[PDB]
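S.K.: Below you will find the structure I want to go over with you.
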Amino acid sequence: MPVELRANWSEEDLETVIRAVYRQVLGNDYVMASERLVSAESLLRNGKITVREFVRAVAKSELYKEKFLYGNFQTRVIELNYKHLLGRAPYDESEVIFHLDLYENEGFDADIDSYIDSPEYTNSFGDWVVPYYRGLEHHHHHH
């Protein structure tokens, strides 16, 4: 079931949204891992910023150099972001290579912003929708 923020929302629905995007760490009740976007929370809860922009805030909220970077592979990290922020995995090596080049040009911060302003992904996959696992079923043309 896709998580979406509708214009006619109840707080319980939004509570579901924010908890889906926020990084619920292995600590049950420690109010996240020092992850506090008080401005993003209030702006989103007022329906002023989009889920896209909220994704930005959460993705780079705390020091992103946690495990998936030096204790992982850049290719794998990109796939993680791709599947977590766009809800889908890359189609070819080219997407990964593009993001690798971007990571070298500006870094991980800019990598994140790429998943936001992406025009076709926003309109088609979800603008006020929270990235869910969108399994792309391999097909034989249309026959």
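Letters A, B, ... go to the chains of the structure tokens in the order shown; residues in each chain start at 1; ligands are counted from 1 in the same order.
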Neighbouring residues of range 71-77 of chain A were defined as those with any atom within 8 Å, considering only C-alpha atoms; residues of the same chain fewer than 4 positions away were excluded. Please report them as a JSON list (two decimals) with N, CA, C and O atoms, in the first residue's frame.
M.R.:
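And here is the file that came out, selection-v8.json:
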```json
[["chain", "number", "residue", "atom", "x", "y", "z"],
["A", 67, "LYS", "N", 27.37, 4.16, 7.70],
["A", 67, "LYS", "CA", 27.97, 2.88, 7.34],
["A", 67, "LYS", "C", 28.05, 2.74, 5.83],
["A", 67, "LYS", "O", 29.10, 2.41, 5.27],
["A", 81, "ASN", "N", 20.06, 4.39, -2.37],
["A", 81, "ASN", "CA", 19.37, 5.67, -2.51],
["A", 81, "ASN", "C", 18.32, 5.60, -3.60],
["A", 81, "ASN", "O", 17.20, 6.07, -3.42],
["A", 96, "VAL", "N", 24.22, 4.35, -12.49],
["A", 96, "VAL", "CA", 25.17, 4.26, -11.40],
["A", 96, "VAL", "C", 26.41, 5.09, -11.72],
["A", 96, "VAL", "O", 26.88, 5.86, -10.89],
["A", 100, "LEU", "N", 27.98, 8.20, -9.85],
["A", 100, "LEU", "CA", 29.38, 8.13, -9.43],
["A", 100, "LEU", "C", 30.12, 9.40, -9.84],
["A", 100, "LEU", "O", 30.86, 9.98, -9.05]]
```
S.K.: Listing only residues of range 92-128 of chain A within 8 Å of range 44-55 of chain A, what is the closest atom pair and its distance in Å (to one decimal) for each, using only C-alpha atoms, sorted by chain and residue number ascending, as a tab-separated table?
M.R.:
```
residue	atom	partner	partner_atom	distance
A:116	CA	A:52	CA	5.6
A:127	CA	A:52	CA	6.6
A:128	CA	A:51	CA	5.2
```
S.K.: How about saving the chosen residues, N, CA, C and O atoms kept, as a PDB file, in the first residue's frame?
M.R.:
```pdb
ATOM      1  N   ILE A 116      15.222  14.291  -6.258  1.00  0.00           N
ATOM      2  CA  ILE A 116      14.122  15.181  -5.911  1.00  0.00           C
ATOM      3  C   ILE A 116      13.600  15.918  -7.131  1.00  0.00           C
ATOM      4  O   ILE A 116      12.424  15.820  -7.475  1.00  0.00           O
ATOM      5  N   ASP A 127       4.533  12.639  -6.442  1.00  0.00           N
ATOM      6  CA  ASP A 127       4.942  13.972  -6.011  1.00  0.00           C
ATOM      7  C   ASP A 127       4.731  14.135  -4.506  1.00  0.00           C
ATOM      8  O   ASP A 127       5.638  14.543  -3.777  1.00  0.00           O
ATOM      9  N   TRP A 128       3.530  13.812  -4.049  1.00  0.00           N
ATOM     10  CA  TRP A 128       3.223  13.792  -2.624  1.00  0.00           C
ATOM     11  C   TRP A 128       3.210  12.355  -2.113  1.00  0.00           C
ATOM     12  O   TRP A 128       2.656  12.063  -1.051  1.00  0.00           O
TER      13      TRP A 128
END
```
S.K.: Residue 87 in chain A: which residues within 8 Å, counting only C-alpha atoms, same-chain residues fewer than 4 positions away excluded, as an NGL selection string?
M.R.: :A and (82-83 or 131-134)
S.K.: Kindly save the residues from that selection, with N, CA and C atoms included, as a PDB file, in the first residue's frame.
M.R.:
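Printed below is selection.pdb as written:
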```
ATOM      1  N   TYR A  82      18.672   4.974  -4.712  1.00  0.00           N
ATOM      2  CA  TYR A  82      17.768   4.845  -5.845  1.00  0.00           C
ATOM      3  C   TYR A  82      16.483   4.132  -5.427  1.00  0.00           C
ATOM      4  N   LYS A  83      16.632   3.005  -4.743  1.00  0.00           N
ATOM      5  CA  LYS A  83      15.486   2.186  -4.353  1.00  0.00           C
ATOM      6  C   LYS A  83      14.745   2.770  -3.153  1.00  0.00           C
ATOM      7  N   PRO A 131       8.152   7.139  -1.484  1.00  0.00           N
ATOM      8  CA  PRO A 131       8.758   6.068  -2.283  1.00  0.00           C
ATOM      9  C   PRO A 131       8.555   4.672  -1.697  1.00  0.00           C
ATOM     10  N   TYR A 132       7.747   3.882  -2.384  1.00  0.00           N
ATOM     11  CA  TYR A 132       7.522   2.497  -2.012  1.00  0.00           C
ATOM     12  C   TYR A 132       8.246   1.584  -2.991  1.00  0.00           C
ATOM     13  N   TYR A 133       8.361   0.308  -2.648  1.00  0.00           N
ATOM     14  CA  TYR A 133       8.986  -0.662  -3.536  1.00  0.00           C
ATOM     15  C   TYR A 133       8.150  -0.845  -4.797  1.00  0.00           C
ATOM     16  N   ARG A 134       8.580  -0.205  -5.870  1.00  0.00           N
ATOM     17  CA  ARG A 134       7.902  -0.326  -7.144  1.00  0.00           C
ATOM     18  C   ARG A 134       8.609  -1.359  -8.010  1.00  0.00           C
TER      19      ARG A 134
END
```
S.K.: Can you list, as a PyMOL selection string, every residue of range 37-126 of chain A that DSSP puts in helix (DSSP H, G or I)?
M.R.: chain A and resi 38-45+51-59+74-86+93-105+108-117+119-125
S.K.: For a quick check of understanding, using only C-alpha atoms, which of A:37, A:91, A:26, A:43 has the smallest distance to residue 57 in chain A?
M.R.: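 Nearest candidate to residue 57 in chain A out of A:37, A:91, A:26, A:43: A:37.
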S.K.: Could you tell me how far CA of residue 86 in chain A lies from CA of residue 115 in chain A, in Å and to one decimal?
M.R.: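 Spanning CA of residue 86 in chain A to CA of residue 115 in chain A is a straight-line distance of 6.6 Å.
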S.K.: Please, which residues of chain A, numbered as in this document, come out strand (DSSP E or B) from DSSP, as a list in words?
M.R.: residues 3, 4, 129 and 130 of chain A
S.K.: So, counting only C-alpha atoms, which residue among A:58, A:24, A:126, A:36 is closest to residue 113 in chain A?
M.R.: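 Using only C-alpha atoms, residue 113 in chain A sits closest to A:58.
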S.K.: Can you measure CA of residue 118 in chain A to CA of residue 137 in chain A for me? One decimal in Å is fine.
M.R.: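 Distance reported for this atom pair: 22.1 Å.
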